[PDB]
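*Asks:* The following block contains the structure, expressed as C-alpha cells.
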Amino acid sequence: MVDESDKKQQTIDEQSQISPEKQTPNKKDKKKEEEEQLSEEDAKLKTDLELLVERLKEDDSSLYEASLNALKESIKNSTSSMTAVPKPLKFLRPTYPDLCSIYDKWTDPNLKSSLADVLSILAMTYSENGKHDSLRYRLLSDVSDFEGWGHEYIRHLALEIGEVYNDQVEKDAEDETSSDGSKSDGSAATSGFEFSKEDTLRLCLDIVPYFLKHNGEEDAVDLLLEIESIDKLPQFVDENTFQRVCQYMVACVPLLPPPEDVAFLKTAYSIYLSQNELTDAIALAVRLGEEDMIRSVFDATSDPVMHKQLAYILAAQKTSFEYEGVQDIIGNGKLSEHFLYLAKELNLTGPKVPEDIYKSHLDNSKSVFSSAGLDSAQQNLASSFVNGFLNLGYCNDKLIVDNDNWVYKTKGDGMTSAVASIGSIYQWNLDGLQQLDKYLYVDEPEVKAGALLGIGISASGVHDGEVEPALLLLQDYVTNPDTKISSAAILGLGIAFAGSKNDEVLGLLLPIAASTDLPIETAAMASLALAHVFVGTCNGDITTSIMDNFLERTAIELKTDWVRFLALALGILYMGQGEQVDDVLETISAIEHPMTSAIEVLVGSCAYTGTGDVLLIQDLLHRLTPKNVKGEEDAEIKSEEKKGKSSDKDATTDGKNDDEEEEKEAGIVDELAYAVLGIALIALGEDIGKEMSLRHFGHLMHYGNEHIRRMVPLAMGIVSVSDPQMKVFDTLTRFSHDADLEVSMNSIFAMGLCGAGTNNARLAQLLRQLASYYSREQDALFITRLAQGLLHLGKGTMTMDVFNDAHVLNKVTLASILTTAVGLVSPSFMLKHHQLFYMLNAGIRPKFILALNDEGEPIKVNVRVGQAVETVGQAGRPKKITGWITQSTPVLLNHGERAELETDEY
Amino acid sequence: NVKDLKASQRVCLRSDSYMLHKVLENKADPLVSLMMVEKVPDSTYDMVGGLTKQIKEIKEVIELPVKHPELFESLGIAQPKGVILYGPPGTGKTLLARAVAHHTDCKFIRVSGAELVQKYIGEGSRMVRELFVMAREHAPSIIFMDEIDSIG
Amino acid sequence: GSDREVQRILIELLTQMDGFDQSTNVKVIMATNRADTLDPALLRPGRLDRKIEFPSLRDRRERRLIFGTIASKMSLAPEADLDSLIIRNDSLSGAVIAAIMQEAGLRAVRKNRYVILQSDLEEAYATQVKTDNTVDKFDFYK
Amino acid sequence: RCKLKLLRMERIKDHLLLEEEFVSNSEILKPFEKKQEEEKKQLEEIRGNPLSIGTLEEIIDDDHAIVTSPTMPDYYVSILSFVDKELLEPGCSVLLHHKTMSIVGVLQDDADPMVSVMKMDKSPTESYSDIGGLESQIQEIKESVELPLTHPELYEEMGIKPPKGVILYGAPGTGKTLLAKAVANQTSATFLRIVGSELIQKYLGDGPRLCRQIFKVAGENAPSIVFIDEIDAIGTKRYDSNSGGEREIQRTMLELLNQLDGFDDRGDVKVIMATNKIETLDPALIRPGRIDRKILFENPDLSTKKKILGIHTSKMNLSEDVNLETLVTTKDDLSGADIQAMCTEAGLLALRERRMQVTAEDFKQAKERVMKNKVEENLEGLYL
Ligand SMILES: Nc1ncnc2c1ncn2[C@@H]1O[C@H](COP(=O)(O)OP(=O)(O)OP(=O)(O)O)[C@@H](O)[C@H]1O
Ligand SMILES: Nc1ncnc2c1ncn2[C@@H]1O[C@H](COP(=O)(O)OP(=O)(O)O)[C@@H](O)[C@H]1O
Ligand SMILES: [Mg+2]
Ligand SMILES: [Mg+2]
C-alpha cells in the first residue's frame with residue numbers, strides 16, 4: 001500500500017496506490033510547460049497505461065479514485081481537452097476512467113450529474129480515432145476481472161444508449177439535447193456505434209440488441225444482419241445465432257406496436273434465410289403471414305434440385321404444418337408447375353395424410369361408448385347429442401349411426417343438432433359422408449340441414465389439393481330458398497375449409513353477407529363462416545364485412561340478438577392483424593348508435609393486441625361510464641341498451657385473451673387473477689353483466705392455455721350451481737378437455753354432480769348433461785390447443801367457434817354449434833419416403849431454467865419416452881428430439897410444435 | 001380498523017362486550033424474551049483484540065456478504081453456511097461472536113441449551129423453525145447455537 | 001400448566017435482580033443442596049458472580065477448631081480429649097460434629113453423669129461414623 | 001442477461017392487476033345490492049358481539065352439542081342450524097352466543113406451530129438439472145413420484161394401482177437431499193419436509209402423536225409428498241435413556257407402519273425417504289409396495305463427474321485458462337458434494353484475493369483443500 005519508491009515492480013504497484021509521481025507532477029507540469037514536449041508525453045502515455053492495467057485488478061475504490069484525482073483536473077486544466085487537437089485528444093485515454101471514478105465509483109450527486117455530460121462529450125470526440133473503441137474493448141474483454149470495471153463499463157455504453165433513445169422523445173434531438181451533448185449521426189459517432197457492435201458481438205451481447213430498437217427502424221436491424229451472417233458459423237455456432245434473432249423479436253413485443261412489429265420480423269426472416277435452417281425460415285414467414293415468403297422457403301428447397309430429393313418431401317411437410325391450410329393451397333400448384341409425382345406430393349402438402357395417421361392412432365386408442373338414452377323430452381334431445389360428444393374426432397361407431405330411429409325421435413331444431421353430432425364421429429375423415437347422404441336425400445328438410453353441418457366437420461381432413469371439396473357439394477343448398485338449409489350450408493363450409501383461402505368459397509360469401517337488408521336472424525351464420533375462412537393471413541379487413549354491419553342496423557334494431565352474433569364475427573375476421581384494425585375502429589365510430597357502441601368495444605380488443613396494456617384500462621373506464629353520467633346530470637330502446645351492457649363485459653375478457661397469447665408465454669400465470677376479481681366486481685354490480693361473465697371465465701382459461709387445469713374450473717363449479725345460467729359449465733369443460741382422463745377424470749364426476757344433484761328447470765338440465773361427455777375422449781384421443789402450435793404465440797382459426805359462445809344466453813340453437821370441436825393437434829410421428837405411421841422416441845421437459853428466453857429451450861437432459869404419444873400440452877410442453885443416437889438426423893425440429901417429424905438415415 | 005391492527009399488538013378493550021377502544025401504546029416482541037432471559041451483551045472488536053488474526057478470518061466470511069452480497073452473486077458462490085469457532089473455552093470465542101453482531105447489525109441471539117427462555121413451547125425439537133422464523137422477523141440475526149458437546 | 005407456574009416466578013427473580021444492581025444492597029444470598037438445579041442463565045455472572053464452595057474435606061487444623069467450638073459450650077471431663085479425634089476420620093461435616101457431641105450427651109445420661117467422659121465420646125463416634133478407606137489408619141497406599 | 005424486456009412485461013401485467021383490483025375494491029364494490037345487504041342483515045342479528053370461542057368435544061344428533069370452553073364450564077349448547085347440521089366435527093372451534101350459548105357459526109380452519117415445522121412457504125430457486133448428472137437413476141424418481149400425478153392416463157391403460165413410495169440410499173453427498181427438493185418444484189403439490197431428529201424426542205407419548213400426525217395432515221390435502229429426510233437418524237440419535245431409548249424408537253416405528261400404509265386409507269402421501277442406514281429399519285418398512293422402485297446411488301464415475309463439474313462452474317466467472325478435465329483426473333469416485341465444495345471454495349480463494357476472476361489456479365488449489373479432508377482424518381499414509 002504505502003509508498004516504497006520505484007526500486008522494484010512490486011513497489012511501483014504500491015507507489016501508484018498512494019500517489020503516482022509518474023502521472024501527477026510530471027504530465028501536469030509538462031503540458032503546462034513547453035508545447036514541443038508532446039513528443040515526451042506520448043512515451044509517458046504508455047507509462048501511464050501500464051499503471052491502470054495493474055490497478056485495474058484492485059477492488060477498493062479509494063486507491064483508484066484518489067491516485068488519479070488530480071488527473072481528472074488535468075483534462076481541463078493542463079491538457080485543455082483540445083489544443084493541437086490530435087495530441088490532447090489522444091491523451092484522454094488514461095483520463096477517461098478518472099472521470100468514471102467520481103461519476104460511478106463514488107456518489108456525490110453534484111459531481112455525478114456534472115460529469116455525466118463530460119464523459120459523453122469526450123467519448124464522442126475520442127471515438128473518431130477509434131482508440132476510445134479500443135479503450136472499451138479492454139474492459140469488455142477484461143484483463144483480470146474485478147469489481148471496478150463491472151460497474152464502470154456499463155457507464156461507457158450508457159452514454160450512447162441514452163442519446164439514441166432521447167432522439168425520439170425530444171424535439172431538440174442529438175447535440176441540441178444537452179443531457180449528453182453528443183450526436184448520434186455523423187461519421188464520428190455512427191462509426192463508433194458500428195465499431196462497438198463488432199466488438200460486443202464477438203464474445204457477448206450488450207448494446208447490440210439495444211441499438212436496433214432505439215432507432216425504431218428496420219434499417220438498424222439490417223446493419224446487424226450483415227455482420228452476423230458472416231459470424232454465423234466461424235465466430236460462433238449457428239444455434240447461438242438463432243437464439244440471438246428470436247430473442248430480439250419475442251422480447252420487444254410490448255415495445256413494438258403492430259406497424260413496428262411486422263417491420264422487424266421481415267429482417268429476422270432474412271437472417272434465417274441467409275442461414276442454413278430453412279426450417280427456421282418457414283415458421284417466421286407464417287408469423288408475418290405474407291404469401292410471398294411462404295413461396296420463397298418452398299422455392300429454396302425446390303429450385304436447386306432437378307429431382308425429388310429430401311428437398312421435396314421437406315417442402316411438403318413445411319406447408320403441411322398449418323392446419324389453417326393457407327400454406328397447403330399455395331404449395332399445391334407449385335408442384336404441378338415443377339412436375340414430379342403428383343399422387344404423393346399434393347396429398348402430403350394437404351391435410352389428407354393427417355387423416356391417415358389419425359387412423360393409426362385410433363387403432364391404439366380404441367373406442368368407448370357410454371351414452372344414455374331415454375325417450376321423449378329435453379332428456380331425449382340431450383341423450384342423442386351426447387353420443388357424438390363422446391365420439392369427437394375420428395372414432396368408429398358405424399352401427400349406432402345406422403339406427404335412424406333416435407334421429408327421427410328428436411324434433412324441430414333437435415333433429416338438426418342430432419345429425420350434426422353424427423358428423424363428429426368421422427371428424428377429419430373420408431367416411432361419414434356415406435351415412436350422411438342418407439339423411440340428406442330423405443325426410444324433413446331439418447335432417448337435410450343438419451347433414452350439412454356434419455359435412456363440414458368431416459371435410460376438415462380434406463379440402464386442400466382440390467380433391468372432394470365441400471364447396472362442390474354445398475353450393476346447391478345455399479341456392480335453395482330455405483333458410484334452415486342455407487344457414488346450415490355455409491356454417492359447414494367454413495369448418496370444412498378452415499382458415500384456407502379459396503376463390504370459390506370466399507367469393508360465394510361476398511354476395512350474401514351483404515344481403516343483410518333481409519331481416520333474418522340466422523343470417524349471422526354468414527359472417528361467422530366468413531370470419532373463419534378469412535383468418536390465417538395478414539388481413540386486408542375486406543370491405544364486404546364492414547358494410548354489411550351498417551346495413552343490418554338500418555333494416556332492424558329490434559333484433560339485437562342477430563346483430564350481437566354478427567358483431568363477434570367482425571372482430572374475429574380482423575384478428576390475425578392489428579395494423580388494419582386501427583383503421584376500421586375509427587370507421588365504426590363515425591356512425592353512433594348506442595347499439596353501435598357495442599361493436600366498437602369488441603373491435604378495440606383486436607386493435608391494440610400486441611401491447612394490450614392500454615387496452616385493459618380502456619375496458620374499465622368503459623365500465624365506469626353508465627354510473628358516471630347519472631351523477632353528472634343530478635348536480636325499442638330496450639334492445640339497444642341491453643346490447644350496450646353485454647358487449648362491454650365480453651370485450652374486456654376478449655382483450656385479455658388476445659394479449660396473453662401474442663406477447664407472453666408465462667404472464668398466462670397472472671391473467672387468472674384479473675378474472676376472479678373482475679367477476680367479483682360484477683357480482684357486486686350489475687346482475688345483467690354477470691350472466692355474460694360467468695361463461696367468459698371458462699373461455700379465458702381455454703384461450704390462454706393456463707397451466708393448472710385441475711383446481712380452477714372445479715373451484716368455480718361449486719359457486720356456479722348457485723349462480724344463474726348453467727352454460728358456464730360447458731365453457732369450463734372446453735378448457736378441461738386437455739388430455740382425456742388426465743384432467744377429465746375429475747370433470748365427468750364434478751359436472752355430473754351438479755347436474756344430477758340439482759333441479760331448477762329442465763332447460764338448465766340439458767346443458768349440464770352435455771358438458772360431461774364433451775370433456776372426455778377415450779385414452780386421450782386428441783388434445784386441443786387454441787394456438788396454432790407451430791407458433792404457440794399464434795391465435796387459432798378453427799378453435800374460434802369454441803371462443804365464440806360466451807357472450808350470449810344459452811339456447812338450443814347455440815347447442816348446435818358445439819358439436820364441432822376442431823382446433824385439433826396432430827400426433828407427431830417420424831416420416832420416411834415410404835411413410836412411417838409411428839414415432840420412435842422423444843424427450844420432454846417440464847421445467848426449463850432459462851429466463852433469457854420467455855420459454856427457454858429444452859436442454860439435452862429431458863425425460864425420455866417411447867413411440868406413439870400425442871403432443872403433450874402445458875406441463876410437458878417443451879419437447880426435445882430423440883433421434884440422434886440411431887444414426888438418424890431430424891430434418892423437422894421440435895419444441896412442442898404441432899408439426900410432424902421426418903428423419904434421414906445415413 | 002383491522003388494517004390498523006396486527007398480530008402480537010396489544011389493544012385496549014372496553015370490557016362489557018370487549019369492544020376495541022384504541023390500539024395500545026405497547027407492543028410485545030417474542031425474540032427479545034429469549035435474548036433477555038438468557039442475557040448476553042454485544043461487543044466491538046476492541047473488547048476482543050489480541051487475537052486480531054481471528055477477527056480478519058471472521059470479518060471475511062460473515063460481514064462481507066451482509067454489507068455486500070452483491071460481490072458473491074457475480075462470483076457465483078453459495079455463501080458460507082456453518083462456521084466453526086472452536087478452541088479452549090474463555091479464549092474469547094464468545095466475545096468475537098458478540099463483536100461481529102454489533103458490526104453486522106444483527107440481533108445477538110445466544111442459545112445455550114436452555115428452556116427457561118421458553119415458556120410457550122419448551123423444547124428445541126419443536127422450536128428450530130420458530131427460532132429461525134423469529135430471526136427472520138427481526139432480521140438480520142446471528143444465531144449463536146453454542147454446542148458445548150459435553151452436556152449430559 | 002403446572003410447570004409454567006414454576007417458571008413464571010423464576011423469570012421475575014432474574015428480572016428483579018437486573019434492577020437490583022448498582023445499589024448499596026448485597027445482591028441475594030442463596031444456597032443450593034446440589035449444583036444440578038441451576039439454569040445456564042441463573043448461574044451466569046451479572047446475576048450470580050460468586051461461587052463460594054463449602055468442602056467437607058477440610059484440613060487438620062480446622063477439624064480441631066470445629067470439635068473445639070462444640071466443646072466450648074458443653075462440659076467435659078479431664079479424661080476426655082479432642083486430640084484423639086484427629087487420628088480417626090479426616091472428612092467430616094460440621095453438622096456431624098454437632099451430631100456426635102449431642103449423641104454423647106445422651107449416652108452420658110444413661111450413665112447418669114453431667115460431664116462427658118471419653119467412654120461416652122468414643123461410642124458416639126462409632127455410631128453414624130460414615131467410615132472411609134481414603135483416610136488415615138485405613139491405608140496401604142503409603 | 002437481455003431479459004429486461006420480459007421482466008418489464010411481467011411487471012406491466014402486475015401494474016394492471018394491482019390497478020384494476022384496487023379500484024374494484026374502492027367504491028364500485030357496490031353493497032347497495034340487496035343480495036349483499038339482506039344476507040348480512042339477520043346474519044348479524046343472531047351473531048355476536050362477543051363470540052365466546054369454544055371447543056367442540058362431540059355432537060349429538062338432536063341439534064345439540066356439548067362444548068367445553070377453555071375458560072372452564074361446559075355447556076349443552078343449541079345450534080341455530082342455518083350452518084348445515086352435518087358440517088362440523090370434533091376438534092372444531094365454534095362461535096358461541098354471548099347470551100344463551102348457541103352455535104352461531106363454525107370456524108373452518110385452525111393450525112398448530114408443530115405443523116408449521118411440517119408445512120412450507122418455500123419455492124426453491126433451483127429446479128431440476130441443477131441435479132445435472134446421475135440422469136438415469138432419476139427416472140426411478142420421476143416415473144413413480146412425478147408422473148402418476150401428471151398422467152394417471154398412462155396407468156389406466158395398464159389399469160392396476162399406480163406406484164407408491166421410494167427409498168433413496170447411497171453415499172452421503174451424492175445428491176439425495178437435492179433430489180427430493182427438485183421433484184417438489186416440478187409437481188407443485190403440498191411438499192412437507194420433516195427431519196428425523198425431531199421425530200426422536202426426549203419425551204414419550206408425544207413421539208407417536210407427532211408421527212401419526214404427519215400423514216393425517218398429508219392425506220387431508222388431497223395431494224401431498226412427504227419428505228422424511230434422514231430416517232437413518234432414528235438409531236444413532238437419542239437423548240437420555242429413561243425417556244428415550246429402545247422404547248421411544250420402537251413405538252415411533254410401529255406408528256409409522258400404520259401411517260405409511262396400514263388401515264387408514266388416508267389421502268395421497270407419496271413418500272420420499274433419504275437414508276444410508278437402511279438395515280436399522282423394519283422388514284415391514286422396506287417391504288415391497290411401500291418402496292415400489294428403490295433407488296441405489298453410488299459414487300459417480302470419471303465421465304459422470306464431467307457432467308457434475310460443468311453445472312457448477314457455469315455460475316462462476318471463467319477464463320480460457322480454466323480446464324475442468326484435469327480436476328476430474330485427480331478425483332476418483334468421490335461425491336458430487338465434494339465437487340460442489342471445490343467450486344464453493346474456489347470463490348473463497350477469489351474472495352480472499354478480492355479479485356473477481358476465477359482461474360484454473362483457484363480450482364486446483366481448492367482441490368487440494370478438498371483432498372485434505374479425506375485423508376487427514378486418516379493417519380496411515382499408505383494402507384497398513
Ligand atoms: N449428481 C449431481 N448432479 C448435479 N449436482 C450435484 C450432484 N451431486 C451433488 N450435486 C450438488 O452437490 C450438492 C450438495 O448436495 P446435498 O447437500 O444435496 O448432498 P447430499 O448427498 O444430499 O448430502 P448428505 O450426504 O449430507 O445427505 C447439491 O446441492 C448439488 O447441487
Ligand atoms: N479477547 C478478549 N478481550 C477482552 N476480554 C476477553 C477476551 N477473551 C475473553 N475475554 C473475557 O473472557 C470472558 C469469557 O468470554 P466468553 O467469550 O464468554 O468465553 P467462552 O469462549 O468460554 O465462551 C469474558 O469475561 C471476557 O471479558
Ligand atoms: Mg461461549
Ligand atoms: Mg441431506
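Naming works like this for the C-alpha cells: A, B, ... for the chains as they're shown, residue 1 at the start of each chain, ligands 1 onward in shown order.
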According to DSSP computed on the backbone, where in chain B is there strand (DSSP E)? Give the residues as a ChimeraX atom specification.

*Replies:* /B:9-14,19-27,107-111,141-145

*Asks:* At a cut-off of 6 Å and counting only C-alpha atoms and all ligand atoms, what residues surround ligand 1? Please answer as a PyMOL selection string.

*Replies:* chain D and resi 130-134+172-178+308+336-337+340

*Asks:* Looking at only C-alpha atoms and all ligand atoms, which of C:33, C:9, C:20, C:44 is the one that sits closest to ligand 3?

*Replies:*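 Counting only C-alpha atoms and all ligand atoms, the residue closest to ligand 3 is C:44.
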
*Asks:* Could you list, as a ChimeraX atom specification, all residues that come within 12 Å of ligand 2? Count only C-alpha atoms and all ligand atoms.

*Replies:* /B:39-55,85-99,110-112,144-148 /C:44-46,49

*Asks:* May I have the residues of chain D within 9 Å of chain B, counting only C-alpha atoms, written as a PDB file with N, CA, C and O atoms, in the first residue's frame?

*Replies:*
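Printed below is selection-v9.pdb as written:
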```
ATOM      1  N   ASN D  49     -71.636  -9.601  18.643  1.00  0.00           N
ATOM      2  CA  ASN D  49     -70.988  -9.241  19.888  1.00  0.00           C
ATOM      3  C   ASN D  49     -70.322 -10.478  20.501  1.00  0.00           C
ATOM      4  O   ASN D  49     -70.308 -11.531  19.865  1.00  0.00           O
ATOM      5  N   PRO D  50     -69.617 -10.385  21.627  1.00  0.00           N
ATOM      6  CA  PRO D  50     -68.673 -11.455  21.988  1.00  0.00           C
ATOM      7  C   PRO D  50     -68.996 -12.821  21.407  1.00  0.00           C
ATOM      8  O   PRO D  50     -70.136 -13.293  21.480  1.00  0.00           O
ATOM      9  N   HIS D  98     -73.232 -14.717  22.955  1.00  0.00           N
ATOM     10  CA  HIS D  98     -72.878 -14.034  24.188  1.00  0.00           C
ATOM     11  C   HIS D  98     -73.994 -14.108  25.214  1.00  0.00           C
ATOM     12  O   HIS D  98     -73.732 -14.004  26.418  1.00  0.00           O
ATOM     13  N   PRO D 113     -48.327 -24.602  15.796  1.00  0.00           N
ATOM     14  CA  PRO D 113     -46.921 -24.328  15.476  1.00  0.00           C
ATOM     15  C   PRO D 113     -46.091 -25.584  15.284  1.00  0.00           C
ATOM     16  O   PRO D 113     -44.964 -25.487  14.780  1.00  0.00           O
ATOM     17  N   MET D 114     -46.608 -26.758  15.657  1.00  0.00           N
ATOM     18  CA  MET D 114     -45.896 -28.001  15.391  1.00  0.00           C
ATOM     19  C   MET D 114     -46.106 -28.491  13.967  1.00  0.00           C
ATOM     20  O   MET D 114     -45.272 -29.249  13.459  1.00  0.00           O
ATOM     21  N   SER D 116     -46.366 -26.116  11.666  1.00  0.00           N
ATOM     22  CA  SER D 116     -45.580 -25.124  10.951  1.00  0.00           C
ATOM     23  C   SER D 116     -44.227 -25.696  10.560  1.00  0.00           C
ATOM     24  O   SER D 116     -43.733 -25.442   9.455  1.00  0.00           O
ATOM     25  N   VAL D 117     -43.619 -26.481  11.451  1.00  0.00           N
ATOM     26  CA  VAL D 117     -42.371 -27.148  11.103  1.00  0.00           C
ATOM     27  C   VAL D 117     -42.591 -28.038   9.890  1.00  0.00           C
ATOM     28  O   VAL D 117     -41.760 -28.093   8.976  1.00  0.00           O
ATOM     29  N   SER D 197     -34.594 -36.150  13.268  1.00  0.00           N
ATOM     30  CA  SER D 197     -34.114 -35.821  14.601  1.00  0.00           C
ATOM     31  C   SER D 197     -35.158 -35.078  15.420  1.00  0.00           C
ATOM     32  O   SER D 197     -34.952 -34.869  16.621  1.00  0.00           O
ATOM     33  N   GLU D 198     -36.269 -34.680  14.798  1.00  0.00           N
ATOM     34  CA  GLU D 198     -37.420 -34.149  15.512  1.00  0.00           C
ATOM     35  C   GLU D 198     -38.467 -35.223  15.755  1.00  0.00           C
ATOM     36  O   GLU D 198     -39.322 -35.057  16.632  1.00  0.00           O
ATOM     37  N   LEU D 199     -38.401 -36.321  15.001  1.00  0.00           N
ATOM     38  CA  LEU D 199     -39.205 -37.498  15.278  1.00  0.00           C
ATOM     39  C   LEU D 199     -38.669 -38.261  16.469  1.00  0.00           C
ATOM     40  O   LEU D 199     -39.405 -39.037  17.086  1.00  0.00           O
ATOM     41  N   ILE D 200     -37.402 -38.053  16.790  1.00  0.00           N
ATOM     42  CA  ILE D 200     -36.806 -38.540  18.019  1.00  0.00           C
ATOM     43  C   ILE D 200     -36.913 -37.425  19.039  1.00  0.00           C
ATOM     44  O   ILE D 200     -36.395 -36.323  18.822  1.00  0.00           O
ATOM     45  N   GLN D 201     -37.582 -37.706  20.148  1.00  0.00           N
ATOM     46  CA  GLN D 201     -37.808 -36.712  21.176  1.00  0.00           C
ATOM     47  C   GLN D 201     -37.367 -37.250  22.526  1.00  0.00           C
ATOM     48  O   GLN D 201     -37.188 -38.454  22.722  1.00  0.00           O
ATOM     49  N   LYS D 202     -37.195 -36.323  23.462  1.00  0.00           N
ATOM     50  CA  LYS D 202     -36.802 -36.626  24.827  1.00  0.00           C
ATOM     51  C   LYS D 202     -38.012 -36.816  25.728  1.00  0.00           C
ATOM     52  O   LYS D 202     -37.860 -36.937  26.947  1.00  0.00           O
ATOM     53  N   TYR D 239     -31.397 -38.976  23.268  1.00  0.00           N
ATOM     54  CA  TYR D 239     -31.127 -38.214  24.468  1.00  0.00           C
ATOM     55  C   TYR D 239     -31.010 -39.204  25.605  1.00  0.00           C
ATOM     56  O   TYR D 239     -30.503 -40.316  25.425  1.00  0.00           O
ATOM     57  N   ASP D 240     -31.422 -38.776  26.789  1.00  0.00           N
ATOM     58  CA  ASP D 240     -31.417 -39.636  27.952  1.00  0.00           C
ATOM     59  C   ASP D 240     -31.985 -41.002  27.603  1.00  0.00           C
ATOM     60  O   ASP D 240     -32.589 -41.192  26.542  1.00  0.00           O
ATOM     61  N   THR D 313     -19.660 -24.755 -12.512  1.00  0.00           N
ATOM     62  CA  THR D 313     -18.788 -23.673 -12.930  1.00  0.00           C
ATOM     63  C   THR D 313     -19.441 -22.764 -13.952  1.00  0.00           C
ATOM     64  O   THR D 313     -18.806 -21.815 -14.420  1.00  0.00           O
ATOM     65  N   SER D 314     -20.694 -23.034 -14.306  1.00  0.00           N
ATOM     66  CA  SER D 314     -21.427 -22.111 -15.155  1.00  0.00           C
ATOM     67  C   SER D 314     -21.832 -20.865 -14.387  1.00  0.00           C
ATOM     68  O   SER D 314     -21.934 -19.781 -14.971  1.00  0.00           O
ATOM     69  N   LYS D 315     -22.053 -20.995 -13.082  1.00  0.00           N
ATOM     70  CA  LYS D 315     -22.409 -19.840 -12.274  1.00  0.00           C
ATOM     71  C   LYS D 315     -21.219 -18.935 -12.010  1.00  0.00           C
ATOM     72  O   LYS D 315     -21.407 -17.788 -11.591  1.00  0.00           O
ATOM     73  N   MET D 316     -20.012 -19.426 -12.244  1.00  0.00           N
ATOM     74  CA  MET D 316     -18.799 -18.715 -11.885  1.00  0.00           C
ATOM     75  C   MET D 316     -18.224 -17.958 -13.073  1.00  0.00           C
ATOM     76  O   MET D 316     -18.581 -18.193 -14.230  1.00  0.00           O
ATOM     77  N   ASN D 317     -17.313 -17.037 -12.767  1.00  0.00           N
ATOM     78  CA  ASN D 317     -16.517 -16.410 -13.806  1.00  0.00           C
ATOM     79  C   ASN D 317     -15.511 -17.410 -14.352  1.00  0.00           C
ATOM     80  O   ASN D 317     -14.975 -18.249 -13.625  1.00  0.00           O
ATOM     81  N   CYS D 343     -15.879 -25.907  -5.943  1.00  0.00           N
ATOM     82  CA  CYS D 343     -16.307 -24.694  -6.619  1.00  0.00           C
ATOM     83  C   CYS D 343     -16.727 -23.627  -5.621  1.00  0.00           C
ATOM     84  O   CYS D 343     -16.500 -22.435  -5.856  1.00  0.00           O
ATOM     85  N   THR D 344     -17.328 -24.030  -4.500  1.00  0.00           N
ATOM     86  CA  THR D 344     -17.641 -23.062  -3.455  1.00  0.00           C
ATOM     87  C   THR D 344     -16.371 -22.510  -2.824  1.00  0.00           C
ATOM     88  O   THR D 344     -16.289 -21.314  -2.520  1.00  0.00           O
ATOM     89  N   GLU D 345     -15.365 -23.360  -2.623  1.00  0.00           N
ATOM     90  CA  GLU D 345     -14.126 -22.900  -2.016  1.00  0.00           C
ATOM     91  C   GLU D 345     -13.208 -22.224  -3.016  1.00  0.00           C
ATOM     92  O   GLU D 345     -12.230 -21.586  -2.610  1.00  0.00           O
ATOM     93  N   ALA D 346     -13.502 -22.347  -4.306  1.00  0.00           N
ATOM     94  CA  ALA D 346     -12.712 -21.663  -5.315  1.00  0.00           C
ATOM     95  C   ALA D 346     -13.006 -20.172  -5.316  1.00  0.00           C
ATOM     96  O   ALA D 346     -12.095 -19.354  -5.479  1.00  0.00           O
ATOM     97  N   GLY D 347     -14.272 -19.802  -5.121  1.00  0.00           N
ATOM     98  CA  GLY D 347     -14.600 -18.403  -4.949  1.00  0.00           C
ATOM     99  C   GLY D 347     -14.194 -17.864  -3.601  1.00  0.00           C
ATOM    100  O   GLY D 347     -14.077 -16.645  -3.440  1.00  0.00           O
ATOM    101  N   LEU D 348     -13.953 -18.746  -2.631  1.00  0.00           N
ATOM    102  CA  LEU D 348     -13.398 -18.304  -1.362  1.00  0.00           C
ATOM    103  C   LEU D 348     -11.944 -17.914  -1.535  1.00  0.00           C
ATOM    104  O   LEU D 348     -11.432 -17.060  -0.803  1.00  0.00           O
ATOM    105  N   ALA D 350     -11.090 -16.561  -4.457  1.00  0.00           N
ATOM    106  CA  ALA D 350     -11.302 -15.273  -5.106  1.00  0.00           C
ATOM    107  C   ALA D 350     -11.725 -14.210  -4.105  1.00  0.00           C
ATOM    108  O   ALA D 350     -11.343 -13.043  -4.244  1.00  0.00           O
ATOM    109  N   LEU D 351     -12.503 -14.592  -3.089  1.00  0.00           N
ATOM    110  CA  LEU D 351     -12.857 -13.645  -2.037  1.00  0.00           C
ATOM    111  C   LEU D 351     -11.610 -13.195  -1.298  1.00  0.00           C
ATOM    112  O   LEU D 351     -11.427 -12.005  -1.016  1.00  0.00           O
ATOM    113  N   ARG D 352     -10.741 -14.154  -0.988  1.00  0.00           N
ATOM    114  CA  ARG D 352      -9.504 -13.880  -0.277  1.00  0.00           C
ATOM    115  C   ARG D 352      -8.646 -12.879  -1.033  1.00  0.00           C
ATOM    116  O   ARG D 352      -8.039 -11.984  -0.433  1.00  0.00           O
ATOM    117  N   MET D 356     -12.074 -10.622  -8.804  1.00  0.00           N
ATOM    118  CA  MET D 356     -13.318 -11.262  -9.213  1.00  0.00           C
ATOM    119  C   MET D 356     -13.132 -12.250 -10.353  1.00  0.00           C
ATOM    120  O   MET D 356     -14.124 -12.790 -10.851  1.00  0.00           O
ATOM    121  N   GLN D 357     -11.901 -12.506 -10.771  1.00  0.00           N
ATOM    122  CA  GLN D 357     -11.639 -13.533 -11.762  1.00  0.00           C
ATOM    123  C   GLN D 357     -11.470 -14.872 -11.070  1.00  0.00           C
ATOM    124  O   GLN D 357     -10.870 -14.969  -9.995  1.00  0.00           O
ATOM    125  N   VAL D 358     -12.014 -15.913 -11.691  1.00  0.00           N
ATOM    126  CA  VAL D 358     -11.776 -17.286 -11.272  1.00  0.00           C
ATOM    127  C   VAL D 358     -10.917 -17.949 -12.330  1.00  0.00           C
ATOM    128  O   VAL D 358     -11.217 -17.865 -13.527  1.00  0.00           O
TER     129      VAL D 358
END
```

*Asks:* With 6 Å as the limit and counting only C-alpha atoms, what residues in chain A lie close to chain D? Please list them as a tab-separated table (two decimals) with C-alpha atoms, in the first residue's frame.

*Replies:*
```
chain	number	residue	atom	x	y	z
A	144	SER	CA	-8.31	-9.93	-14.88
A	145	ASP	CA	-11.93	-9.47	-13.79
A	146	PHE	CA	-12.52	-7.29	-10.73
A	251	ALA	CA	-38.51	-9.72	-26.08
A	681	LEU	CA	-66.81	-6.53	-9.49
A	684	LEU	CA	-71.44	-6.93	-6.63
A	741	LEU	CA	-58.71	-38.84	-18.31
A	742	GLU	CA	-55.80	-36.76	-17.06
A	852	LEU	CA	-33.04	-15.21	-21.12
```

*Asks:* Give me, as JSON lines, the closest atom pair and its distance (Å, one decimal) for every residue of segment 729-833 of chain A within a cut-off of 10 Å of segment 838-846 of chain A, counting only C-alpha atoms, rows sorted by chain and rising number.

*Replies:*
```
{"residue": "A:827", "atom": "CA", "partner": "A:839", "partner_atom": "CA", "distance": 8.9}
{"residue": "A:828", "atom": "CA", "partner": "A:839", "partner_atom": "CA", "distance": 6.8}
{"residue": "A:829", "atom": "CA", "partner": "A:839", "partner_atom": "CA", "distance": 4.0}
{"residue": "A:830", "atom": "CA", "partner": "A:839", "partner_atom": "CA", "distance": 4.9}
{"residue": "A:831", "atom": "CA", "partner": "A:838", "partner_atom": "CA", "distance": 8.1}
```
